[PDB]
file run32.tsv (TSV, C-alpha atoms and all ligand atoms)
chain	number	residue	atom	x	y	z
A	8	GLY	CA	16.79	-6.60	-36.92
A	9	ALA	CA	16.56	-4.86	-33.51
A	10	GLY	CA	17.76	-1.85	-31.49
A	11	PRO	CA	16.98	0.00	-28.21
A	12	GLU	CA	13.31	1.10	-28.21
A	13	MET	CA	12.52	4.63	-26.93
A	14	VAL	CA	9.17	5.90	-25.59
A	15	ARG	CA	9.07	9.51	-24.21
A	16	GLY	CA	12.81	10.14	-24.41
A	17	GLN	CA	13.92	7.13	-22.34
A	18	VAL	CA	15.80	4.07	-23.62
A	19	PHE	CA	13.62	1.00	-22.87
A	20	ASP	CA	16.38	-1.56	-22.97
A	21	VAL	CA	14.09	-4.57	-22.40
A	22	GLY	CA	14.47	-6.66	-25.55
A	23	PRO	CA	14.64	-9.10	-27.20
A	24	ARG	CA	11.87	-10.73	-25.08
A	25	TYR	CA	9.79	-7.57	-24.68
A	26	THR	CA	8.77	-5.54	-27.74
A	27	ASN	CA	6.04	-3.24	-29.08
A	28	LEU	CA	6.07	-0.77	-26.19
A	29	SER	CA	3.34	1.79	-25.33
A	30	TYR	CA	3.66	4.52	-22.71
A	31	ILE	CA	1.46	4.07	-19.58
A	32	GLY	CA	2.85	6.58	-17.08
A	33	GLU	CA	5.61	8.07	-14.99
A	34	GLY	CA	6.48	9.14	-11.46
A	35	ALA	CA	9.29	9.39	-8.87
A	36	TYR	CA	9.88	5.62	-9.27
A	37	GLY	CA	10.61	6.13	-13.03
A	38	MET	CA	8.56	5.18	-16.14
A	39	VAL	CA	6.13	2.40	-17.04
A	40	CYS	CA	5.05	0.85	-20.37
A	41	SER	CA	3.10	-2.07	-21.67
A	42	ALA	CA	5.23	-4.46	-23.75
A	43	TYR	CA	4.47	-7.59	-25.72
A	44	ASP	CA	6.13	-10.52	-23.88
A	45	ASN	CA	7.41	-12.80	-26.73
A	46	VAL	CA	7.82	-15.93	-24.44
A	47	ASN	CA	4.33	-15.83	-22.75
A	48	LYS	CA	2.52	-14.05	-25.66
A	49	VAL	CA	0.81	-11.43	-23.45
A	50	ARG	CA	1.23	-7.77	-22.83
A	51	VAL	CA	2.97	-7.07	-19.48
A	52	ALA	CA	3.72	-3.98	-17.45
A	53	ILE	CA	7.40	-2.93	-17.40
A	54	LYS	CA	8.70	-0.24	-15.03
A	55	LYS	CA	12.20	1.20	-15.62
A	56	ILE	CA	13.74	2.22	-12.28
A	57	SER	CA	16.94	4.34	-12.16
A	58	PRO	CA	17.55	4.66	-8.41
A	59	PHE	CA	21.25	4.41	-7.85
A	60	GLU	CA	21.91	8.21	-7.35
A	61	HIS	CA	19.79	8.39	-4.18
A	62	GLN	CA	19.70	5.95	-1.28
A	63	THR	CA	15.94	6.28	-0.56
A	64	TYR	CA	15.09	5.28	-4.16
A	65	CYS	CA	17.49	2.33	-3.60
A	66	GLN	CA	15.61	1.40	-0.35
A	67	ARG	CA	12.20	1.50	-1.94
A	68	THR	CA	13.57	-0.50	-4.92
A	69	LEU	CA	15.08	-3.26	-2.76
A	70	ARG	CA	12.06	-3.59	-0.41
A	71	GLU	CA	9.77	-3.86	-3.45
A	72	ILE	CA	12.00	-6.53	-5.09
A	73	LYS	CA	12.78	-8.61	-2.00
A	74	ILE	CA	9.18	-8.60	-0.66
A	75	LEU	CA	7.44	-9.28	-3.98
A	76	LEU	CA	9.82	-12.06	-4.98
A	77	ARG	CA	9.12	-13.75	-1.60
A	78	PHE	CA	5.35	-13.28	-1.80
A	79	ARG	CA	3.02	-15.36	-3.91
A	80	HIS	CA	-0.70	-14.52	-3.64
A	81	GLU	CA	-3.58	-13.84	-6.08
A	82	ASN	CA	-4.30	-10.37	-4.55
A	83	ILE	CA	-0.67	-9.23	-4.52
A	84	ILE	CA	1.17	-8.14	-7.72
A	85	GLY	CA	4.07	-10.43	-8.54
A	86	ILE	CA	7.33	-9.84	-10.28
A	87	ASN	CA	7.48	-11.92	-13.45
A	88	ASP	CA	10.93	-10.90	-14.57
A	89	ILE	CA	13.73	-8.37	-13.84
A	90	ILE	CA	16.03	-6.99	-16.59
A	91	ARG	CA	19.34	-5.36	-15.87
A	92	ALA	CA	22.94	-5.19	-17.13
A	93	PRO	CA	25.20	-8.32	-16.66
A	94	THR	CA	27.63	-6.44	-14.28
A	95	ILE	CA	27.28	-3.95	-11.36
A	96	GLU	CA	29.46	-1.47	-13.30
A	97	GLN	CA	27.08	-1.58	-16.34
A	98	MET	CA	23.89	-1.61	-14.24
A	99	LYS	CA	22.36	1.95	-14.32
A	100	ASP	CA	18.69	0.75	-14.62
A	101	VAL	CA	16.38	-2.05	-13.42
A	102	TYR	CA	13.31	-3.05	-15.41
A	103	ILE	CA	10.71	-4.92	-13.31
A	104	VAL	CA	8.23	-6.86	-15.37
A	105	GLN	CA	4.75	-7.35	-13.84
A	106	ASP	CA	1.32	-8.58	-14.93
A	107	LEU	CA	-0.45	-5.80	-16.86
A	108	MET	CA	-3.61	-4.57	-15.11
A	109	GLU	CA	-6.31	-2.46	-16.86
A	110	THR	CA	-6.69	0.19	-14.17
A	111	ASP	CA	-6.50	1.07	-10.49
A	112	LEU	CA	-9.05	1.92	-7.83
A	113	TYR	CA	-8.01	5.60	-7.88
A	114	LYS	CA	-8.86	5.91	-11.59
A	115	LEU	CA	-12.03	3.85	-11.16
A	116	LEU	CA	-13.27	6.00	-8.25
A	117	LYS	CA	-12.79	9.29	-10.18
A	118	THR	CA	-15.03	8.00	-13.09
A	119	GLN	CA	-17.34	5.13	-11.76
A	120	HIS	CA	-20.13	4.59	-9.22
A	121	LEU	CA	-19.38	1.26	-7.39
A	122	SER	CA	-22.35	-1.04	-6.68
A	123	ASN	CA	-22.52	-2.53	-3.19
A	124	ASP	CA	-21.53	-5.89	-4.74
A	125	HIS	CA	-18.36	-4.30	-6.27
A	126	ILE	CA	-17.46	-2.61	-2.97
A	127	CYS	CA	-17.95	-5.86	-1.12
A	128	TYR	CA	-15.75	-7.83	-3.58
A	129	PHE	CA	-12.97	-5.22	-3.71
A	130	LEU	CA	-12.86	-5.00	0.08
A	131	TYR	CA	-12.84	-8.81	0.36
A	132	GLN	CA	-9.86	-8.97	-1.98
A	133	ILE	CA	-7.92	-6.11	-0.27
A	134	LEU	CA	-8.29	-7.86	3.09
A	135	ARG	CA	-7.50	-11.30	1.70
A	136	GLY	CA	-4.22	-9.91	0.25
A	137	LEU	CA	-3.54	-7.99	3.48
A	138	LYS	CA	-4.07	-11.21	5.52
A	139	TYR	CA	-1.23	-12.78	3.66
A	140	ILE	CA	0.99	-9.63	4.00
A	141	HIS	CA	0.36	-9.40	7.79
A	142	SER	CA	0.89	-13.21	8.19
A	143	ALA	CA	4.47	-12.62	6.90
A	144	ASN	CA	4.82	-9.97	9.68
A	145	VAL	CA	5.08	-7.27	6.97
A	146	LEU	CA	3.24	-3.89	6.94
A	147	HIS	CA	2.48	-2.35	3.56
A	148	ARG	CA	2.27	1.16	5.06
A	149	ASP	CA	1.04	2.95	1.94
A	150	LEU	CA	-2.34	1.44	1.10
A	151	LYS	CA	-4.45	3.73	-1.02
A	152	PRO	CA	-6.65	3.46	-4.12
A	153	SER	CA	-3.75	4.03	-6.62
A	154	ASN	CA	-1.91	1.01	-5.04
A	155	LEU	CA	-4.86	-1.30	-5.83
A	156	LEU	CA	-4.65	-2.60	-9.40
A	157	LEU	CA	-7.78	-3.95	-11.17
A	158	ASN	CA	-8.19	-6.08	-14.33
A	159	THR	CA	-11.22	-6.10	-16.70
A	160	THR	CA	-13.02	-8.66	-14.47
A	161	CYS	CA	-12.44	-6.59	-11.26
A	162	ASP	CA	-9.71	-8.93	-9.86
A	163	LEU	CA	-7.68	-6.81	-7.47
A	164	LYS	CA	-3.94	-6.81	-6.66
A	165	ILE	CA	-2.04	-4.82	-4.08
A	166	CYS	CA	1.09	-3.09	-5.48
A	167	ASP	CA	3.95	-0.76	-4.35
A	168	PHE	CA	5.85	-2.28	-1.41
A	169	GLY	CA	8.61	0.39	-1.36
A	170	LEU	CA	7.47	1.68	2.06
A	171	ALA	CA	6.85	-1.72	3.56
A	172	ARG	CA	8.43	-2.75	6.86
A	173	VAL	CA	8.67	-5.77	9.12
A	174	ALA	CA	6.22	-5.08	12.01
A	175	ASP	CA	7.91	-3.86	15.21
A	176	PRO	CA	5.27	-3.12	17.88
A	177	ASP	CA	7.76	-2.74	20.78
A	178	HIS	CA	9.46	0.24	18.96
A	179	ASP	CA	6.25	1.87	17.69
A	180	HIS	CA	6.22	4.82	20.18
A	181	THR	CA	7.40	8.34	19.31
A	182	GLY	CA	6.68	11.95	20.24
A	183	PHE	CA	3.98	14.34	19.06
A	184	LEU	CA	4.12	15.53	15.39
A	185	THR	CA	6.91	13.08	14.27
A	186	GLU	CA	7.36	13.46	10.49
A	187	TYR	CA	6.04	10.57	8.32
A	188	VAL	CA	6.56	9.41	4.67
A	189	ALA	CA	3.38	7.53	3.60
A	190	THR	CA	0.36	9.19	1.99
A	191	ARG	CA	-1.41	11.78	4.23
A	192	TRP	CA	-5.11	11.04	3.63
A	193	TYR	CA	-4.70	7.34	4.57
A	194	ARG	CA	-2.59	7.98	7.82
A	195	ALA	CA	-4.05	6.65	11.11
A	196	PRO	CA	-4.63	9.30	13.80
A	197	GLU	CA	-1.82	7.83	16.02
A	198	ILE	CA	0.90	8.68	13.39
A	199	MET	CA	0.37	12.34	14.27
A	200	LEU	CA	0.23	11.65	18.08
A	201	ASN	CA	2.59	8.83	19.18
A	202	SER	CA	3.20	6.13	16.48
A	203	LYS	CA	6.06	5.44	14.02
A	204	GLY	CA	3.63	3.26	11.99
A	205	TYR	CA	5.27	-0.07	12.99
A	206	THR	CA	2.08	-2.06	13.83
A	207	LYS	CA	-0.53	-3.93	11.64
A	208	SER	CA	-3.26	-1.56	12.81
A	209	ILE	CA	-1.82	1.22	10.54
A	210	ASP	CA	-2.81	-0.76	7.43
A	211	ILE	CA	-6.27	-1.49	8.74
A	212	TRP	CA	-6.82	2.28	9.13
A	213	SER	CA	-5.88	2.85	5.50
A	214	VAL	CA	-8.23	0.06	4.38
A	215	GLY	CA	-10.97	1.79	6.47
A	216	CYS	CA	-10.27	5.03	4.52
A	217	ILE	CA	-10.42	3.13	1.22
A	218	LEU	CA	-13.77	1.58	2.15
A	219	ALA	CA	-15.21	5.02	2.96
A	220	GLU	CA	-13.89	6.31	-0.37
A	221	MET	CA	-15.49	3.35	-2.20
A	222	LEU	CA	-18.85	4.29	-0.63
A	223	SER	CA	-18.87	7.94	-1.86
A	224	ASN	CA	-16.11	8.38	-4.54
A	225	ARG	CA	-14.45	11.01	-2.29
A	226	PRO	CA	-11.60	10.68	0.25
A	227	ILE	CA	-13.02	10.64	3.75
A	228	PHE	CA	-10.14	12.59	5.40
A	229	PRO	CA	-8.53	14.82	2.70
A	230	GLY	CA	-6.25	16.79	5.03
A	231	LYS	CA	-4.15	19.52	3.32
A	232	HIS	CA	-1.16	19.30	5.70
A	233	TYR	CA	0.34	17.25	8.54
A	234	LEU	CA	-1.93	18.24	11.50
A	235	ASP	CA	-5.00	19.08	9.36
A	236	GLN	CA	-5.16	15.24	8.77
A	237	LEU	CA	-5.83	14.62	12.51
A	238	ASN	CA	-8.47	17.34	12.63
A	239	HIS	CA	-10.34	15.82	9.63
A	240	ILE	CA	-10.32	12.48	11.56
A	241	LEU	CA	-11.61	13.98	14.74
A	242	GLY	CA	-14.19	16.01	12.83
A	243	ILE	CA	-15.94	12.67	11.97
A	244	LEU	CA	-14.95	10.34	14.85
A	245	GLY	CA	-15.40	13.11	17.42
A	246	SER	CA	-13.35	13.71	20.57
A	247	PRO	CA	-11.53	10.66	21.97
A	248	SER	CA	-12.93	9.07	25.10
A	249	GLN	CA	-11.10	9.36	28.40
A	250	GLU	CA	-9.99	5.70	28.00
A	251	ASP	CA	-8.51	6.38	24.55
A	252	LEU	CA	-6.87	9.58	25.83
A	253	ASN	CA	-5.33	7.74	28.83
A	254	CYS	CA	-3.54	5.34	26.41
A	255	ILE	CA	-1.62	8.40	25.01
A	256	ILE	CA	0.99	8.87	27.71
A	257	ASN	CA	3.02	11.46	25.71
A	258	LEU	CA	1.98	14.74	27.37
A	259	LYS	CA	2.40	16.98	24.32
A	260	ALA	CA	0.05	14.67	22.34
A	261	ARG	CA	-2.39	14.26	25.21
A	262	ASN	CA	-2.59	17.93	25.98
A	263	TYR	CA	-3.04	18.81	22.31
A	264	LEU	CA	-6.16	16.59	22.30
A	265	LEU	CA	-7.39	18.00	25.61
A	266	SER	CA	-7.01	21.56	24.29
A	267	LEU	CA	-9.57	20.92	21.51
A	268	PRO	CA	-13.27	21.76	21.96
A	269	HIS	CA	-15.55	18.69	22.50
A	270	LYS	CA	-16.84	17.27	19.13
A	271	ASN	CA	-19.51	14.60	18.74
A	272	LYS	CA	-19.19	11.68	16.32
A	273	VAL	CA	-20.79	12.19	12.89
A	274	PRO	CA	-22.80	8.94	12.42
A	275	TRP	CA	-21.73	6.82	9.46
A	276	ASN	CA	-25.29	6.47	8.14
A	277	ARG	CA	-25.44	10.30	7.69
A	278	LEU	CA	-22.11	10.43	5.82
A	279	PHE	CA	-23.18	7.32	3.83
A	280	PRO	CA	-27.03	7.28	3.58
A	281	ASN	CA	-27.17	4.70	0.75
A	282	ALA	CA	-24.48	2.36	2.21
A	283	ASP	CA	-25.24	-1.20	3.32
A	284	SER	CA	-25.55	-1.19	7.14
A	285	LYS	CA	-23.16	-4.13	7.51
A	286	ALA	CA	-20.55	-2.22	5.49
A	287	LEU	CA	-20.82	0.72	7.93
A	288	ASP	CA	-20.49	-1.56	10.92
A	289	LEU	CA	-17.22	-2.89	9.47
A	290	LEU	CA	-16.10	0.68	8.53
A	291	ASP	CA	-16.64	1.76	12.10
A	292	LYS	CA	-14.47	-1.06	13.49
A	293	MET	CA	-11.66	-0.27	10.98
A	294	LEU	CA	-11.80	3.48	11.66
A	295	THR	CA	-11.46	3.11	15.40
A	296	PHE	CA	-9.38	5.88	17.02
A	297	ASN	CA	-7.51	3.59	19.44
A	298	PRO	CA	-5.28	1.20	17.44
A	299	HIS	CA	-5.52	-1.50	20.14
A	300	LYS	CA	-9.31	-1.59	19.75
A	301	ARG	CA	-9.16	-1.46	15.93
A	302	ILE	CA	-10.28	-4.65	14.18
A	303	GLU	CA	-7.56	-7.03	12.86
A	304	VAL	CA	-7.44	-8.32	9.23
A	305	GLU	CA	-8.70	-11.79	10.07
A	306	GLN	CA	-11.54	-10.40	12.17
A	307	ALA	CA	-12.48	-8.08	9.28
A	308	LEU	CA	-12.68	-11.00	6.90
A	309	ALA	CA	-15.03	-12.80	9.37
A	310	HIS	CA	-17.34	-9.73	9.57
A	311	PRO	CA	-20.99	-10.30	8.45
A	312	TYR	CA	-20.55	-7.80	5.55
A	313	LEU	CA	-18.11	-10.30	3.83
A	314	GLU	CA	-20.02	-13.50	4.68
A	315	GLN	CA	-20.69	-14.38	1.05
A	316	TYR	CA	-16.94	-14.46	0.37
A	317	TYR	CA	-15.50	-15.57	3.75
A	318	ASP	CA	-13.56	-18.80	3.59
A	319	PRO	CA	-10.41	-19.04	5.83
A	320	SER	CA	-9.31	-22.18	4.04
A	321	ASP	CA	-9.19	-20.12	0.79
A	322	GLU	CA	-7.39	-17.10	2.39
A	323	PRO	CA	-3.81	-18.30	2.55
A	324	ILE	CA	-0.95	-17.15	4.75
A	325	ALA	CA	2.81	-16.96	4.10
A	326	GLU	CA	4.98	-20.06	4.69
A	327	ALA	CA	7.20	-18.04	7.02
A	328	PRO	CA	7.63	-14.54	8.52
A	329	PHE	CA	9.60	-12.04	6.44
A	330	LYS	CA	12.87	-10.67	7.79
A	331	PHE	CA	15.43	-8.50	5.97
A	332	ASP	CA	19.02	-9.84	6.39
A	333	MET	CA	20.28	-6.33	7.27
A	334	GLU	CA	18.72	-3.10	8.54
A	335	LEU	CA	18.22	-1.23	5.23
A	336	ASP	CA	18.69	2.26	6.70
A	337	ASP	CA	22.20	3.45	7.55
A	338	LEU	CA	23.13	1.25	4.48
A	339	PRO	CA	24.72	3.38	1.67
A	340	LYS	CA	23.40	3.89	-1.98
A	341	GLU	CA	26.47	1.77	-2.96
A	342	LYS	CA	25.66	-1.29	-0.77
A	343	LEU	CA	21.92	-1.17	-1.67
A	344	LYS	CA	22.98	-1.37	-5.42
A	345	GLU	CA	25.02	-4.52	-4.61
A	346	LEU	CA	22.04	-6.07	-2.79
A	347	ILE	CA	19.74	-5.15	-5.71
A	348	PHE	CA	22.32	-6.79	-8.07
A	349	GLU	CA	22.22	-9.99	-5.92
A	350	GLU	CA	18.44	-10.01	-5.54
A	351	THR	CA	17.97	-9.79	-9.36
A	352	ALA	CA	20.56	-12.49	-10.37
A	353	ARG	CA	17.91	-15.30	-10.67
A	354	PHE	CA	16.41	-13.60	-13.79
A	355	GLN	CA	19.70	-13.55	-15.65
A	356	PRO	CA	20.54	-16.10	-18.39
A	357	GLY	CA	22.49	-18.57	-16.23
B	1	LIG	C1	9.18	0.88	-5.15
B	1	LIG	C2	9.20	1.64	-6.47
B	1	LIG	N1	7.84	2.08	-6.78
B	1	LIG	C3	7.06	1.49	-7.69
B	1	LIG	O1	7.49	0.64	-8.46
B	1	LIG	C4	5.61	1.93	-7.73
B	1	LIG	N2	4.88	1.52	-8.92
B	1	LIG	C5	4.75	2.39	-10.09
B	1	LIG	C6	3.84	1.59	-10.98
B	1	LIG	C7	3.32	1.87	-12.22
B	1	LIG	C8	2.48	0.96	-12.85
B	1	LIG	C9	2.09	-0.22	-12.22
B	1	LIG	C10	1.21	-1.16	-12.96
B	1	LIG	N3	0.22	-0.59	-13.68
B	1	LIG	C11	-0.55	-1.44	-14.39
B	1	LIG	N4	-1.56	-0.91	-15.12
B	1	LIG	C12	-1.97	0.49	-15.16
B	1	LIG	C13	-2.70	0.78	-16.45
B	1	LIG	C14	-3.15	2.22	-16.41
B	1	LIG	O2	-4.02	2.46	-15.29
B	1	LIG	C15	-3.32	2.25	-14.07
B	1	LIG	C16	-2.83	0.83	-13.96
B	1	LIG	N5	-0.42	-2.77	-14.47
B	1	LIG	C17	0.59	-3.30	-13.76
B	1	LIG	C18	1.44	-2.52	-13.00
B	1	LIG	CL1	2.72	-3.29	-12.12
B	1	LIG	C19	2.64	-0.51	-10.96
B	1	LIG	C20	3.50	0.41	-10.34
B	1	LIG	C21	4.17	0.37	-9.01
B	1	LIG	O3	4.12	-0.50	-8.16
B	1	LIG	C22	10.22	2.77	-6.40
B	1	LIG	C23	9.85	4.04	-5.97
B	1	LIG	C24	10.80	5.06	-5.90
B	1	LIG	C25	12.11	4.81	-6.24
B	1	LIG	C26	12.48	3.56	-6.66
B	1	LIG	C27	11.54	2.54	-6.73
call {"tool": "encode", "arguments": {"input": "run32.tsv", "output": "structure tokens"}}
result
Amino acid sequence: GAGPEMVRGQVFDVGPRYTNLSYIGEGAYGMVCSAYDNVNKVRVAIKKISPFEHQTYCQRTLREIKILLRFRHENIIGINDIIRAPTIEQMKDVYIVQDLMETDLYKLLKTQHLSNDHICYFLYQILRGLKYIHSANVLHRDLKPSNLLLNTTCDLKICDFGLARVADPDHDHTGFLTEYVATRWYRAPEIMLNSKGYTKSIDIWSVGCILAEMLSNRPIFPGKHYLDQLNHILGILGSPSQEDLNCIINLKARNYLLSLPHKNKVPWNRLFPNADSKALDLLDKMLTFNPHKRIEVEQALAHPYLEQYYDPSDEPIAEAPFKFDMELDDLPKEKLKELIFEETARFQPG
């Protein structure tokens, strides 16, 4: 009648509701498949996560689950269901069921020229999702083309909230060259100078990078290592102004910048000769060196480039700010498992 399905070695212990599995992919998170959902009669994405042997996998798992169960928005991936063992003792895996999406913006950019109309619509949707995220006082912190899912009609949904944080602007400052987790090519210049990435402006930078990559099918700042990232940024933006330098009070960071030879700004219309001029005006405001001067999500949405889409009444916000009950670091592997168990109880037969 039935048994545990396998795919590429792994038990996919998702039944009886989810059958007829096909491999999609794999990564540090675990493994993903499409499955036929027998209750909704659609194929769905299912990712098997096995995080309980290291506490960082447990952190990313719990952030993802707690945030995405709280959020409800058309441009943010939901969680449809969660499968796991009936007891903590028996729970070695978590299967998170999500809407199946045809592709992602990373895959699309490696194969497809984007028309200006596509770029405009994708950007609208990224920002409309990010408006909602930021309205819940949450930062995604790892926005990049592979975290933007697309269906066959180019509807876009933001995924992967494992690095997300509640914003904390009063604790954003750090020293020069502080190590960072999120993806290098989409890191704002301030991460490498004086920022822990605890403000909304870090996501706007990444969106800026994504827009540039939509315009040319190539990453704008493909740094090969921590500090090379900053030098790619300054290679295009040019040397910071005295005003922007004076906002960096950390001497090591300031003096690093002062030690560099003077570079002029490469104008956007030379990097992007076929781009719409309104798109480059918005790009410029998103890829501003000084995070205080960088455009905010709601201002970006109101930019002339997006005028055909802009409608604040149809760009919803969250009902209330997000807050974690407990600080998720300094919490052991063993407690994060318990919290995962609790957070997934609603999907159990009961
Ligand atoms: C926090 C957690 N990380 C993740 O869960 C990150 N992932 C992995 C992943 C894989 C697939 C999809 C996906 N893909 C499609 N279609 C594809 C069809 C083929 O072309 C590409 C798109 N459709 C719906 C979805 Cl949801 C979403 C995610 C996601 O968000 C973690 C990390 C470390 C440790 C522990 C937990």
call {"tool": "residues_around", "arguments": {"input": "run32.tsv", "residues": "residue 17 (chain A)", "least_positions_apart": "2", "cutoff": "12 Å", "atoms": "all atoms listed in the file", "output": "number ranges by chain"}}
result
A: 11-15, 19-21, 28, 30, 33, 37-40, 54-57, 100
call {"tool": "atom_distance", "arguments": {"input": "run32.tsv", "atom1": "CA of residue 175 (chain A)", "atom2": "CA of residue 195 (chain A)"}}
result
16.4 Å
call {"tool": "axis_aligned_box", "arguments": {"input": "run32.tsv", "around": "ligand LIG 1 (chain B)", "padding_each_side": "5 Å", "output": "AutoDock Vina command-line options"}}
result
--center_x 4.2 --center_y 0.9 --center_z -10.8 --size_x 26.5 --size_y 18.4 --size_z 21.3
call {"tool": "closest_residue", "arguments": {"input": "run32.tsv", "among": "A:52, A:282, A:260, A:289", "to": "ligand LIG 1 (chain B)", "atoms": "all atoms listed in the file"}}
result
A:52
call {"tool": "residues_near_ligand", "arguments": {"input": "run32.tsv", "ligand": "ligand LIG 1 (chain B)", "cutoff": "9 Å", "atoms": "all atoms listed in the file", "output": "PyMOL selection string"}}
result
chain A and resi 31-41+51-59+61+63-72+84-86+103-114+153-158+165-170
call {"tool": "closest_residue", "arguments": {"input": "run32.tsv", "among": "A:234, A:207, A:212, A:123", "to": "residue 186 (chain A)", "atoms": "only C-alpha atoms"}}
result
A:234
call {"tool": "atom_distance", "arguments": {"input": "run32.tsv", "atom1": "CA of residue 274 (chain A)", "atom2": "CA of residue 303 (chain A)"}}
result
22.1 Å
call {"tool": "residues_around", "arguments": {"input": "run32.tsv", "residues": "residue 300 (chain A)", "least_positions_apart": "6", "cutoff": "12 Å", "atoms": "only C-alpha atoms", "output": "PyMOL selection string"}}
result
chain A and resi 208+211-212+250-251+254+291-294+306
call {"tool": "residues_around", "arguments": {"input": "run32.tsv", "residues": "residue 199 (chain A)", "least_positions_apart": "5", "cutoff": "9 Å", "atoms": "all atoms listed in the file", "output": "PyMOL selection string"}}
result
chain A and resi 182-187+194+233-234+236-237+260
call {"tool": "closest_residue", "arguments": {"input": "run32.tsv", "among": "A:224, A:82, A:314, A:269", "to": "residue 133 (chain A)", "atoms": "all atoms listed in the file"}}
result
A:82
call {"tool": "residues_around", "arguments": {"input": "run32.tsv", "residues": "residue 81 (chain A)", "least_positions_apart": "2", "cutoff": "10 Å", "atoms": "all atoms listed in the file", "output": "list in words"}}
result
residues 78, 79, 83, 84, 85, 132, 135, 136, 162, 163, 164, 165, 322 and 323 of chain A
call {"tool": "write_last_selection", "arguments": {"input": "run32.tsv", "atoms": "C-alpha atoms", "output": "mmCIF file, keeping the file's coordinate frame"}}
result
data_model
loop_
_atom_site.group_PDB
_atom_site.id
_atom_site.type_symbol
_atom_site.label_atom_id
_atom_site.label_comp_id
_atom_site.auth_asym_id
_atom_site.auth_seq_id
_atom_site.Cartn_x
_atom_site.Cartn_y
_atom_site.Cartn_z
ATOM 1 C CA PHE A 78 5.350 -13.280 -1.800
ATOM 2 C CA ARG A 79 3.020 -15.360 -3.910
ATOM 3 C CA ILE A 83 -0.670 -9.230 -4.520
ATOM 4 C CA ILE A 84 1.170 -8.140 -7.720
ATOM 5 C CA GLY A 85 4.070 -10.430 -8.540
ATOM 6 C CA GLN A 132 -9.860 -8.970 -1.980
ATOM 7 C CA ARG A 135 -7.500 -11.300 1.700
ATOM 8 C CA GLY A 136 -4.220 -9.910 0.250
ATOM 9 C CA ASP A 162 -9.710 -8.930 -9.860
ATOM 10 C CA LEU A 163 -7.680 -6.810 -7.470
ATOM 11 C CA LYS A 164 -3.940 -6.810 -6.660
ATOM 12 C CA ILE A 165 -2.040 -4.820 -4.080
ATOM 13 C CA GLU A 322 -7.390 -17.100 2.390
ATOM 14 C CA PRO A 323 -3.810 -18.300 2.550
#
call {"tool": "atom_distance", "arguments": {"input": "run32.tsv", "atom1": "CA of residue 214 (chain A)", "atom2": "CA of residue 142 (chain A)"}}
result
16.5 Å
call {"tool": "build_atoms", "arguments": {"input": "run32.tsv", "residues": "region 96-108 of chain A", "atoms": "N, CA and C atoms", "output": "compact mmCIF listing (two decimals), in the coordinates of the input"}}
result
# COMPACT_ATOMS: atom_id res chain seq x y z
N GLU A 96 28.87 -2.63 -12.64
CA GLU A 96 29.46 -1.47 -13.30
C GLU A 96 28.49 -0.97 -14.39
N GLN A 97 28.00 -1.91 -15.23
CA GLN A 97 27.08 -1.58 -16.34
C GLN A 97 25.64 -1.38 -15.93
N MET A 98 25.27 -1.70 -14.68
CA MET A 98 23.89 -1.61 -14.24
C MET A 98 23.60 -0.17 -13.78
N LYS A 99 22.90 0.60 -14.64
CA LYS A 99 22.36 1.95 -14.32
C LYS A 99 20.84 1.90 -14.14
N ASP A 100 20.14 0.90 -14.74
CA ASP A 100 18.69 0.75 -14.62
C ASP A 100 18.28 -0.67 -14.20
N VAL A 101 17.04 -0.78 -13.71
CA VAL A 101 16.38 -2.05 -13.42
C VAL A 101 15.00 -1.97 -14.03
N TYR A 102 14.65 -2.93 -14.88
CA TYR A 102 13.31 -3.05 -15.41
C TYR A 102 12.63 -4.20 -14.68
N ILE A 103 11.50 -3.93 -14.04
CA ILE A 103 10.71 -4.92 -13.31
C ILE A 103 9.51 -5.18 -14.14
N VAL A 104 9.34 -6.45 -14.55
CA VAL A 104 8.23 -6.86 -15.37
C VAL A 104 7.15 -7.39 -14.44
N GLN A 105 5.89 -6.92 -14.63
CA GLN A 105 4.75 -7.35 -13.84
C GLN A 105 3.57 -7.60 -14.71
N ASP A 106 2.56 -8.35 -14.19
CA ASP A 106 1.32 -8.58 -14.93
C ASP A 106 0.68 -7.24 -15.26
N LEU A 107 0.24 -7.04 -16.51
CA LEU A 107 -0.45 -5.80 -16.86
C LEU A 107 -1.88 -5.83 -16.33
N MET A 108 -2.28 -4.73 -15.68
CA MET A 108 -3.61 -4.57 -15.11
C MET A 108 -4.28 -3.39 -15.82
